[PDB]
>>> print(open('my_file-v4.txt').read())   # compact mmCIF, C-alpha atoms
# COMPACT_ATOMS: atom_id res chain seq x y z
CA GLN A 1 -6.27 78.82 -9.92
CA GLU A 2 -8.65 81.51 -11.32
CA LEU A 3 -8.81 80.42 -15.00
CA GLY A 4 -9.71 76.69 -14.33
CA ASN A 5 -12.42 77.26 -11.60
CA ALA A 6 -15.52 76.59 -13.82
CA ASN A 7 -15.28 72.82 -14.46
CA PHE A 8 -13.13 69.76 -14.53
CA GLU A 9 -12.15 70.16 -18.23
CA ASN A 10 -10.80 73.65 -17.48
CA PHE A 11 -9.21 72.56 -14.24
CA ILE A 12 -7.25 69.88 -16.00
CA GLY A 13 -6.45 72.12 -18.89
CA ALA A 14 -5.08 74.93 -16.80
CA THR A 15 -3.01 72.73 -14.40
CA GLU A 16 -1.80 69.50 -16.03
CA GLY A 17 -2.90 70.19 -19.67
CA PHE A 18 -3.98 67.45 -22.13
CA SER A 19 -1.84 65.06 -24.12
CA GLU A 20 -2.07 65.06 -27.88
CA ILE A 21 -4.12 61.88 -27.70
CA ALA A 22 -6.64 63.22 -25.13
CA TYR A 23 -7.14 66.46 -27.02
CA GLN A 24 -7.49 64.82 -30.42
CA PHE A 25 -9.59 61.91 -29.26
CA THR A 26 -12.01 64.17 -27.44
CA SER A 27 -12.21 66.49 -30.42
CA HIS A 28 -12.93 63.56 -32.84
CA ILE A 29 -15.47 61.95 -30.57
CA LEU A 30 -17.35 65.26 -30.27
CA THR A 31 -17.22 65.64 -34.06
CA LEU A 32 -18.65 62.13 -34.60
CA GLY A 33 -21.35 63.21 -32.13
CA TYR A 34 -22.69 66.06 -34.26
CA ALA A 35 -22.09 64.27 -37.56
CA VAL A 36 -24.40 61.41 -36.43
CA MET A 37 -27.05 63.94 -35.42
CA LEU A 38 -27.01 65.43 -38.96
CA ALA A 39 -27.31 62.02 -40.50
CA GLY A 40 -30.15 61.25 -38.08
CA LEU A 41 -31.89 64.47 -39.05
CA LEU A 42 -31.96 63.31 -42.66
CA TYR A 43 -33.00 59.83 -41.78
CA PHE A 44 -35.99 61.16 -39.76
CA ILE A 45 -37.04 63.65 -42.53
CA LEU A 46 -36.82 60.97 -45.25
CA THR A 47 -38.65 58.17 -43.42
CA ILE A 48 -41.65 60.08 -42.18
CA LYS A 49 -43.68 58.85 -45.13
CA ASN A 50 -43.33 55.22 -43.84
CA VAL A 51 -45.71 55.64 -40.84
CA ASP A 52 -49.42 56.37 -40.72
CA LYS A 53 -50.43 60.03 -40.05
CA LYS A 54 -51.43 58.98 -36.47
CA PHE A 55 -47.76 58.36 -35.49
CA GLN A 56 -45.99 61.16 -37.40
CA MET A 57 -45.72 63.54 -34.51
CA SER A 58 -43.10 61.09 -33.21
CA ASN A 59 -41.02 61.34 -36.38
CA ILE A 60 -41.45 65.16 -36.33
CA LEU A 61 -40.15 65.30 -32.72
CA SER A 62 -37.22 63.00 -33.60
CA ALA A 63 -36.28 65.50 -36.34
CA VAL A 64 -36.60 68.48 -34.06
CA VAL A 65 -34.39 66.79 -31.42
CA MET A 66 -31.80 66.10 -34.17
CA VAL A 67 -31.81 69.74 -35.18
CA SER A 68 -31.10 71.08 -31.67
CA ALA A 69 -28.60 68.22 -30.98
CA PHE A 70 -26.75 68.91 -34.23
CA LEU A 71 -26.51 72.62 -33.48
CA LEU A 72 -25.54 72.46 -29.88
CA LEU A 73 -23.06 69.54 -30.23
CA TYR A 74 -21.47 71.26 -33.24
CA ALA A 75 -21.02 74.31 -30.98
CA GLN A 76 -19.69 72.14 -28.06
CA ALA A 77 -17.24 70.61 -30.52
CA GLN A 78 -15.93 73.99 -31.62
CA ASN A 79 -15.75 75.08 -28.02
CA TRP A 80 -13.42 72.16 -27.23
CA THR A 81 -10.92 72.94 -29.96
CA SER A 82 -10.85 76.67 -29.59
CA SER A 83 -10.42 76.56 -25.76
CA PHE A 84 -7.17 74.55 -25.65
CA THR A 85 -3.90 75.37 -27.56
CA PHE A 86 -0.62 73.41 -27.87
CA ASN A 87 2.41 74.61 -25.89
CA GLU A 88 5.68 73.70 -27.65
CA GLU A 89 7.93 73.65 -24.49
CA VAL A 90 5.79 71.03 -22.62
CA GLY A 91 4.11 69.31 -25.62
CA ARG A 92 0.59 69.49 -24.11
CA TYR A 93 -2.64 71.42 -24.77
CA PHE A 94 -3.49 74.09 -22.18
CA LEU A 95 -6.46 76.24 -21.32
CA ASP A 96 -6.06 79.20 -23.65
CA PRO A 97 -6.63 82.58 -21.91
CA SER A 98 -7.42 84.24 -25.19
CA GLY A 99 -10.27 81.67 -25.90
CA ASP A 100 -13.75 81.57 -24.25
CA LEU A 101 -12.95 78.61 -22.03
CA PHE A 102 -14.69 75.23 -22.00
CA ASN A 103 -18.35 75.50 -21.26
CA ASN A 104 -21.02 72.90 -20.42
CA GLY A 105 -23.88 75.23 -21.29
CA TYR A 106 -24.20 73.92 -24.85
CA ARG A 107 -24.87 70.38 -23.65
CA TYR A 108 -27.06 71.30 -20.64
CA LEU A 109 -29.14 73.50 -22.94
CA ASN A 110 -29.50 70.68 -25.38
CA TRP A 111 -30.79 68.45 -22.53
CA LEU A 112 -33.37 70.99 -21.35
CA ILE A 113 -34.82 71.07 -24.86
CA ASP A 114 -34.48 67.40 -25.81
CA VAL A 115 -35.53 65.67 -22.62
CA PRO A 116 -39.15 66.82 -22.77
CA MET A 117 -39.47 65.95 -26.48
CA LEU A 118 -37.83 62.54 -26.11
CA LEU A 119 -40.20 61.68 -23.25
CA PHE A 120 -43.37 63.07 -24.93
CA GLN A 121 -42.56 61.29 -28.15
CA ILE A 122 -43.50 57.83 -27.12
CA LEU A 123 -46.99 59.01 -26.09
CA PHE A 124 -47.74 59.46 -29.83
CA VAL A 125 -46.84 55.86 -30.68
CA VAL A 126 -48.23 53.81 -27.75
CA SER A 127 -51.69 53.98 -26.20
CA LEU A 128 -52.00 54.26 -22.43
CA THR A 129 -54.61 52.04 -20.70
CA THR A 130 -55.41 53.21 -17.15
CA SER A 131 -53.22 56.41 -17.13
CA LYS A 132 -54.05 59.84 -18.58
CA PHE A 133 -52.00 61.44 -21.36
CA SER A 134 -51.96 64.87 -19.71
CA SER A 135 -50.86 63.49 -16.36
CA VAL A 136 -48.02 61.48 -17.82
CA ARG A 137 -47.07 64.36 -20.05
CA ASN A 138 -46.94 66.76 -17.03
CA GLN A 139 -44.98 64.34 -14.86
CA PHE A 140 -42.36 63.93 -17.61
CA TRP A 141 -42.08 67.69 -18.37
CA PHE A 142 -41.82 68.80 -14.75
CA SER A 143 -39.46 66.03 -13.60
CA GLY A 144 -37.32 66.28 -16.76
CA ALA A 145 -36.92 70.05 -16.39
CA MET A 146 -36.04 69.77 -12.65
CA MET A 147 -33.58 66.96 -13.31
CA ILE A 148 -31.67 69.13 -15.79
CA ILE A 149 -31.80 72.42 -13.81
CA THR A 150 -30.60 70.78 -10.56
CA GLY A 151 -27.86 68.97 -12.53
CA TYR A 152 -26.82 72.34 -14.05
CA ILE A 153 -26.63 73.94 -10.58
CA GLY A 154 -24.55 70.98 -9.35
CA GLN A 155 -22.00 71.32 -12.19
CA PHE A 156 -20.90 74.87 -11.17
CA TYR A 157 -19.56 73.42 -7.96
CA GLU A 158 -17.68 70.50 -9.56
CA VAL A 159 -14.19 71.72 -8.59
CA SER A 160 -14.99 74.54 -6.10
CA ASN A 161 -17.18 72.34 -3.86
CA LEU A 162 -17.31 68.68 -4.86
CA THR A 163 -19.69 67.93 -1.96
CA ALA A 164 -22.28 70.31 -3.44
CA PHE A 165 -21.68 68.82 -6.93
CA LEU A 166 -22.73 65.49 -5.44
CA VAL A 167 -25.62 66.73 -3.33
CA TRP A 168 -27.18 68.46 -6.36
CA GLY A 169 -26.46 65.33 -8.43
CA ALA A 170 -28.47 63.30 -5.90
CA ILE A 171 -31.38 65.69 -5.96
CA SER A 172 -31.23 65.51 -9.77
CA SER A 173 -31.10 61.69 -9.53
CA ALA A 174 -34.35 61.63 -7.53
CA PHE A 175 -36.11 63.33 -10.45
CA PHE A 176 -34.42 60.76 -12.70
CA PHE A 177 -35.91 57.78 -10.74
CA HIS A 178 -39.34 59.29 -10.98
CA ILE A 179 -38.94 59.55 -14.83
CA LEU A 180 -37.82 55.87 -15.05
CA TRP A 181 -40.83 54.89 -13.02
CA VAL A 182 -43.35 56.79 -15.15
CA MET A 183 -41.63 55.48 -18.30
CA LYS A 184 -41.83 51.82 -17.05
CA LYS A 185 -45.54 52.33 -16.52
CA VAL A 186 -45.97 53.86 -20.06
CA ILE A 187 -44.10 50.89 -21.57
CA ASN A 188 -46.25 48.31 -19.73
CA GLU A 189 -49.49 50.02 -20.74
CA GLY A 190 -48.30 50.39 -24.35
CA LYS A 191 -47.74 46.64 -24.46
CA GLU A 192 -51.37 45.92 -23.59
CA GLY A 193 -53.31 45.50 -26.87
CA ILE A 194 -50.55 45.43 -29.51
CA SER A 195 -49.07 42.45 -31.42
CA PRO A 196 -46.15 40.48 -29.82
CA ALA A 197 -43.87 41.88 -32.44
CA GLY A 198 -44.87 45.37 -31.06
CA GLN A 199 -44.33 44.26 -27.53
CA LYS A 200 -40.80 42.93 -28.33
CA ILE A 201 -39.83 46.32 -29.72
CA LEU A 202 -41.26 48.05 -26.59
CA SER A 203 -39.13 45.72 -24.51
CA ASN A 204 -36.05 46.81 -26.41
CA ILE A 205 -37.02 50.45 -26.06
CA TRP A 206 -37.16 50.03 -22.28
CA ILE A 207 -33.69 48.45 -22.12
CA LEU A 208 -32.29 51.13 -24.43
CA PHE A 209 -33.93 53.89 -22.48
CA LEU A 210 -32.77 52.54 -19.16
CA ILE A 211 -29.11 52.08 -20.19
CA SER A 212 -28.85 55.23 -22.36
CA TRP A 213 -30.28 57.47 -19.78
CA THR A 214 -28.19 56.04 -16.91
CA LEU A 215 -25.01 56.86 -18.88
CA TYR A 216 -25.63 60.55 -18.14
CA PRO A 217 -25.11 60.38 -14.34
CA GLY A 218 -22.30 57.87 -15.13
CA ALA A 219 -20.48 60.59 -17.12
CA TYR A 220 -21.31 63.31 -14.57
CA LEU A 221 -19.62 61.17 -11.90
CA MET A 222 -16.94 59.76 -14.23
CA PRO A 223 -13.79 61.57 -13.02
CA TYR A 224 -14.65 60.71 -9.34
CA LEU A 225 -15.39 56.98 -9.85
CA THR A 226 -11.85 55.92 -8.89
CA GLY A 227 -11.58 58.26 -5.85
CA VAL A 228 -10.01 61.72 -5.30
CA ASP A 229 -6.49 60.75 -6.45
CA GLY A 230 -7.27 57.77 -8.80
CA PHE A 231 -6.78 57.06 -12.55
CA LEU A 232 -9.90 58.83 -13.91
CA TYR A 233 -9.19 61.96 -11.86
CA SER A 234 -7.32 63.22 -14.90
CA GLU A 235 -7.42 63.75 -18.68
CA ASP A 236 -8.57 60.07 -18.97
CA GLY A 237 -11.72 60.87 -16.98
CA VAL A 238 -12.28 63.81 -19.40
CA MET A 239 -11.92 61.44 -22.37
CA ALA A 240 -14.16 58.87 -20.70
CA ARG A 241 -16.79 61.40 -19.79
CA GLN A 242 -17.03 62.92 -23.28
CA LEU A 243 -17.03 59.48 -24.91
CA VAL A 244 -19.86 58.35 -22.64
CA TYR A 245 -21.94 61.52 -23.23
CA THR A 246 -21.54 60.99 -26.98
CA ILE A 247 -22.59 57.34 -26.74
CA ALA A 248 -25.52 58.42 -24.59
CA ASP A 249 -26.61 61.10 -27.03
CA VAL A 250 -26.55 58.73 -30.00
CA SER A 251 -28.44 56.04 -28.11
CA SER A 252 -31.08 58.22 -26.41
CA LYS A 253 -31.87 60.38 -29.45
CA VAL A 254 -30.99 58.40 -32.54
CA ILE A 255 -31.37 54.71 -31.69
CA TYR A 256 -34.42 55.49 -29.57
CA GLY A 257 -35.95 57.36 -32.51
CA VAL A 258 -35.23 54.53 -34.87
CA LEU A 259 -36.86 51.99 -32.47
CA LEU A 260 -39.90 54.22 -32.08
CA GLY A 261 -40.15 54.57 -35.88
CA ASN A 262 -40.13 50.74 -36.15
CA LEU A 263 -42.74 50.38 -33.45
CA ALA A 264 -44.95 52.87 -35.33
CA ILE A 265 -44.58 50.93 -38.65
CA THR A 266 -45.52 47.72 -36.85
CA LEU A 267 -48.74 49.47 -35.58
CA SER A 268 -49.52 51.00 -39.01
>>> encode(input="my_file-v4.txt", output="C-alpha cells")
Amino acid sequence: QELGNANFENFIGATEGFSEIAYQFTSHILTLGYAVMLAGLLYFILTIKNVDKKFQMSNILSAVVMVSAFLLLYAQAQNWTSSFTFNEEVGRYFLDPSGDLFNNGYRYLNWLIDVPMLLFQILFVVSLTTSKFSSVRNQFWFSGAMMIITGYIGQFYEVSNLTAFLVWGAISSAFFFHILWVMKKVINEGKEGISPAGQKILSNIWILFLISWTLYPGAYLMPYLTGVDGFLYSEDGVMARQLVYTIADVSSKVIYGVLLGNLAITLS
C-alpha cells in the first residue's frame, strides 16, 4: 500500500474507502469549522471597543488566531473533498491518485501558530502575583512549540509504525502537562485581587481550557481507543477524530476568546 502510507485518513481511503455518510459528514463538519472561525473573526473585530485599552491586545490576538484558523481550516476542508472521489462500482469514496492526498499539515501548522497566541493572550487580561510575565511567557512558548513539533513527528508514523506514533505522542503529552501546570498557576494568580464575578469567569476558563485542550490528544488517539481491530479502527474513527478536532478548535479558540473578552469587561 504505497498511496495510503501517510496517515490513517489515506489508509482508510485507499483500502476500505468511505461511505457516503462518512465522506459527507466529515466534509460538513470541516466546513462548519471554518465558517465558525470567520464568524468569530468578525465578532472579535466588532467587540474590541467594549474593553479598556489595557486589555485589547487579547482581543487583537483572538482576531489573529481566527484569521489563521479560518485560512488553514478552509484549506483542510478543501483538501478533504478534493482527495477522495466516488467510485460507482463499489459506491464508496476512495483516495484519488490524481488529487494531492489528505494532509495533516494544514492543521498542525495552525496549531504551531495558534498555541503560542492562545497561551500568551490571557497574560494581557489577568495580573500575575508572584510569577514573572517573561518567565511564564517563555515556558508557554517553548513547551507549546515542542508539544506541536513532537506531535507532528509522531503523526508521520501513524500507520507505518504505530509504536513510534505513540512514543512521540507521549513525549508531546509531557509538554502538554507542563502547559496545564503553568496555566493552573496563571489562573490562580489571576484570581488574587479581582472581584468574585471575575474569579467565577476564571474558573470557567480553566475548565474550558482543560477539557478543550485534552480533546486534541483524544482525537490523535481516537482510531486506536477500541484496540487494533475494534469499531473506531475505521471510517468511524475518522469521523470521530475530525468531529472532535472541530469541537476542540471552536472551544479553544472561540469560546475561550469570548470568555476572556468577558473577563476583560468585568475588569474594565
>>> atom_distance(input="my_file-v4.txt", atom1="CA of residue 263 (chain A)", atom2="CA of residue 206 (chain A)")
12.5 Å
>>> residues_around(input="my_file-v4.txt", residues="region 181-185 of chain A", least_positions_apart="5", cutoff="8 Å", atoms="all atoms listed in the file", output="list in words")
residues 136, 139, 140 and 206 of chain A
>>> residues_around(input="my_file-v4.txt", residues="residue 218 (chain A)", least_positions_apart="5", cutoff="9 Å", atoms="all atoms listed in the file", output="number ranges by chain")
A: 225, 241, 244-245
>>> write_last_selection(input="my_file-v4.txt", atoms="C-alpha atoms", output="CSV table (one decimal), keeping the file's coordinate frame")
chain,number,residue,atom,x,y,z
A,225,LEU,CA,-15.4,57.0,-9.8
A,241,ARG,CA,-16.8,61.4,-19.8
A,244,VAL,CA,-19.9,58.4,-22.6
A,245,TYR,CA,-21.9,61.5,-23.2
>>> atom_distance(input="my_file-v4.txt", atom1="CA of residue 83 (chain A)", atom2="CA of residue 13 (chain A)")
9.1 Å
>>> closest_residue(input="my_file-v4.txt", among="A:99, A:187, A:108, A:38", to="residue 149 (chain A)", atoms="only C-alpha atoms")
A:108
>>> closest_residue(input="my_file-v4.txt", among="A:195, A:130, A:262, A:26", to="residue 44 (chain A)", atoms="only C-alpha atoms")
A:262
>>> atom_distance(input="my_file-v4.txt", atom1="CA of residue 34 (chain A)", atom2="CA of residue 69 (chain A)")
7.1 Å
>>> axis_aligned_box(input="my_file-v4.txt", around="region 206-223 of chain A", padding_each_side="5 Å", output="AutoDock Vina command-line options")
--center_x -25.5 --center_y 55.9 --center_z -18.2 --size_x 33.4 --size_y 24.9 --size_z 22.5
>>> residues_near_point(input="my_file-v4.txt", point="(-7.0, 83.1, -20.7)", cutoff="12 Å", atoms="all atoms listed in the file", output="ChimeraX atom specification")
/A:1-4,10,13-14,82-85,94-102
>>> closest_residue(input="my_file-v4.txt", among="A:86, A:25, A:120, A:233", to="residue 9 (chain A)", atoms="only C-alpha atoms")
A:233
>>> closest_residue(input="my_file-v4.txt", among="A:113, A:191, A:78, A:213", to="residue 27 (chain A)", atoms="all atoms listed in the file")
A:78
>>> closest_residue(input="my_file-v4.txt", among="A:146, A:162, A:243, A:125", to="residue 266 (chain A)", atoms="only C-alpha atoms")
A:125
>>> residues_around(input="my_file-v4.txt", residues="region 167-180 of chain A", least_positions_apart="3", cutoff="12 Å", atoms="only C-alpha atoms", output="PDB file with C-alpha atoms, keeping the file's coordinate frame")
ATOM      1  CA  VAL A 115     -35.530  65.670 -22.620  1.00  0.00           C
ATOM      2  CA  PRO A 116     -39.150  66.820 -22.770  1.00  0.00           C
ATOM      3  CA  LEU A 118     -37.830  62.540 -26.110  1.00  0.00           C
ATOM      4  CA  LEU A 119     -40.200  61.680 -23.250  1.00  0.00           C
ATOM      5  CA  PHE A 120     -43.370  63.070 -24.930  1.00  0.00           C
ATOM      6  CA  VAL A 136     -48.020  61.480 -17.820  1.00  0.00           C
ATOM      7  CA  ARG A 137     -47.070  64.360 -20.050  1.00  0.00           C
ATOM      8  CA  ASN A 138     -46.940  66.760 -17.030  1.00  0.00           C
ATOM      9  CA  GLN A 139     -44.980  64.340 -14.860  1.00  0.00           C
ATOM     10  CA  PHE A 140     -42.360  63.930 -17.610  1.00  0.00           C
ATOM     11  CA  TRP A 141     -42.080  67.690 -18.370  1.00  0.00           C
ATOM     12  CA  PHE A 142     -41.820  68.800 -14.750  1.00  0.00           C
ATOM     13  CA  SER A 143     -39.460  66.030 -13.600  1.00  0.00           C
ATOM     14  CA  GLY A 144     -37.320  66.280 -16.760  1.00  0.00           C
ATOM     15  CA  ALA A 145     -36.920  70.050 -16.390  1.00  0.00           C
ATOM     16  CA  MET A 146     -36.040  69.770 -12.650  1.00  0.00           C
ATOM     17  CA  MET A 147     -33.580  66.960 -13.310  1.00  0.00           C
ATOM     18  CA  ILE A 148     -31.670  69.130 -15.790  1.00  0.00           C
ATOM     19  CA  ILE A 149     -31.800  72.420 -13.810  1.00  0.00           C
ATOM     20  CA  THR A 150     -30.600  70.780 -10.560  1.00  0.00           C
ATOM     21  CA  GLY A 151     -27.860  68.970 -12.530  1.00  0.00           C
ATOM     22  CA  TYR A 152     -26.820  72.340 -14.050  1.00  0.00           C
ATOM     23  CA  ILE A 153     -26.630  73.940 -10.580  1.00  0.00           C
ATOM     24  CA  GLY A 154     -24.550  70.980  -9.350  1.00  0.00           C
ATOM     25  CA  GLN A 155     -22.000  71.320 -12.190  1.00  0.00           C
ATOM     26  CA  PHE A 156     -20.900  74.870 -11.170  1.00  0.00           C
ATOM     27  CA  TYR A 157     -19.560  73.420  -7.960  1.00  0.00           C
ATOM     28  CA  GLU A 158     -17.680  70.500  -9.560  1.00  0.00           C
ATOM     29  CA  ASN A 161     -17.180  72.340  -3.860  1.00  0.00           C
ATOM     30  CA  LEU A 162     -17.310  68.680  -4.860  1.00  0.00           C
ATOM     31  CA  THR A 163     -19.690  67.930  -1.960  1.00  0.00           C
ATOM     32  CA  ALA A 164     -22.280  70.310  -3.440  1.00  0.00           C
ATOM     33  CA  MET A 183     -41.630  55.480 -18.300  1.00  0.00           C
ATOM     34  CA  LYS A 184     -41.830  51.820 -17.050  1.00  0.00           C
ATOM     35  CA  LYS A 185     -45.540  52.330 -16.520  1.00  0.00           C
ATOM     36  CA  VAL A 186     -45.970  53.860 -20.060  1.00  0.00           C
ATOM     37  CA  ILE A 187     -44.100  50.890 -21.570  1.00  0.00           C
ATOM     38  CA  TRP A 206     -37.160  50.030 -22.280  1.00  0.00           C
ATOM     39  CA  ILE A 207     -33.690  48.450 -22.120  1.00  0.00           C
ATOM     40  CA  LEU A 208     -32.290  51.130 -24.430  1.00  0.00           C
ATOM     41  CA  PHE A 209     -33.930  53.890 -22.480  1.00  0.00           C
ATOM     42  CA  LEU A 210     -32.770  52.540 -19.160  1.00  0.00           C
ATOM     43  CA  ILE A 211     -29.110  52.080 -20.190  1.00  0.00           C
ATOM     44  CA  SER A 212     -28.850  55.230 -22.360  1.00  0.00           C
ATOM     45  CA  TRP A 213     -30.280  57.470 -19.780  1.00  0.00           C
ATOM     46  CA  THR A 214     -28.190  56.040 -16.910  1.00  0.00           C
ATOM     47  CA  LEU A 215     -25.010  56.860 -18.880  1.00  0.00           C
ATOM     48  CA  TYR A 216     -25.630  60.550 -18.140  1.00  0.00           C
ATOM     49  CA  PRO A 217     -25.110  60.380 -14.340  1.00  0.00           C
ATOM     50  CA  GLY A 218     -22.300  57.870 -15.130  1.00  0.00           C
ATOM     51  CA  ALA A 219     -20.480  60.590 -17.120  1.00  0.00           C
ATOM     52  CA  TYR A 220     -21.310  63.310 -14.570  1.00  0.00           C
ATOM     53  CA  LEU A 221     -19.620  61.170 -11.900  1.00  0.00           C
TER      54      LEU A 221
END
>>> closest_residue(input="my_file-v4.txt", among="A:111, A:23, A:106, A:231", to="residue 65 (chain A)", atoms="only C-alpha atoms")
A:111
>>> closest_atom_pairs(input="my_file-v4.txt", of="region 3-116 of chain A", to="region 246-252 of chain A", cutoff="9 Å", atoms="all atoms listed in the file", output="JSON lines")
{"residue": "A:29", "atom": "CA", "partner": "A:246", "partner_atom": "CA", "distance": 7.1}
{"residue": "A:30", "atom": "CA", "partner": "A:246", "partner_atom": "CA", "distance": 6.8}
{"residue": "A:32", "atom": "CA", "partner": "A:246", "partner_atom": "CA", "distance": 8.2}
{"residue": "A:33", "atom": "CA", "partner": "A:246", "partner_atom": "CA", "distance": 5.6}
{"residue": "A:34", "atom": "CA", "partner": "A:246", "partner_atom": "CA", "distance": 8.9}
{"residue": "A:36", "atom": "CA", "partner": "A:250", "partner_atom": "CA", "distance": 7.3}
{"residue": "A:37", "atom": "CA", "partner": "A:250", "partner_atom": "CA", "distance": 7.5}
{"residue": "A:69", "atom": "CA", "partner": "A:249", "partner_atom": "CA", "distance": 8.4}
>>> residues_around(input="my_file-v4.txt", residues="residue 90 (chain A)", least_positions_apart="3", cutoff="12 Å", atoms="only C-alpha atoms", output="CSV table (one decimal) with C-alpha atoms, keeping the file's coordinate frame")
chain,number,residue,atom,x,y,z
A,16,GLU,CA,-1.8,69.5,-16.0
A,17,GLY,CA,-2.9,70.2,-19.7
A,18,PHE,CA,-4.0,67.4,-22.1
A,19,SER,CA,-1.8,65.1,-24.1
A,20,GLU,CA,-2.1,65.1,-27.9
A,85,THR,CA,-3.9,75.4,-27.6
A,86,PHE,CA,-0.6,73.4,-27.9
A,87,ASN,CA,2.4,74.6,-25.9
A,93,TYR,CA,-2.6,71.4,-24.8
A,94,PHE,CA,-3.5,74.1,-22.2
